[PDB]
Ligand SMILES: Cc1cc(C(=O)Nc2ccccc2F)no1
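As a starting point, one isolated chain is supplied in structure tokens, in the form solved without the named molecule.
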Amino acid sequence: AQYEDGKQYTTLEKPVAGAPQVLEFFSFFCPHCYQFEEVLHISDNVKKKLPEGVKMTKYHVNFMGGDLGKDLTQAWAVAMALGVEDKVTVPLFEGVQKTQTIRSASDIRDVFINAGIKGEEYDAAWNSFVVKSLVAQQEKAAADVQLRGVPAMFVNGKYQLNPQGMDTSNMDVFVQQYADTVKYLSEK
């Protein structure tokens, strides 16, 4: 009886039909999202425990960081559109939260150019139909789960992880219990 509704996860009243199998929401302003990236590597360690063909999806949210929240969601869409997530994720986290040198859309663009993306290609992607559509998709997904805070992870649009119901005294025990819950829920 280890896994129970209300302990390591909760159940959505209205499951999201057609949701991605494993969906993470984050913000570059979000302090625990910073640790999920740099210190715990939650996404990498969850991926390791899932079966060969379970796709993970990660979306940025609007509701932290004021005006910059939307600029970052659109920049994350550009990152997804170019496949450069791994080249920009750490510099964006650190520019936002560590050095606090990301204060405008132009500062975000600077991170991409310094990471090797040509400015013209960043701008074309930024203004593209693909990126406009990715932005809407990220917003709909947050609305479909009534998202109120990050970090958050949802499994098959039906179950939401509850990290506060896990053991948080040890980083690596926490990561193990978290990943193991995702695996359990994907098989339900």
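Start at 1 with the first residue shown and count on from there.
What comes next is about the form solved in complex with the named molecule, which is not displayed.
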From the list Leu134, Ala125, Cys33, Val155, which entry has a heavy atom within 4.5 Å of the named molecule in the bound PDB entry? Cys33
Does any heavy atom of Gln74 come within 4.5 Å of a heavy atom of the named molecule in the bound PDB entry? no
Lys58 versus the named molecule, in the bound PDB entry: is there a non-hydrogen atom within 4.5 Å? yes
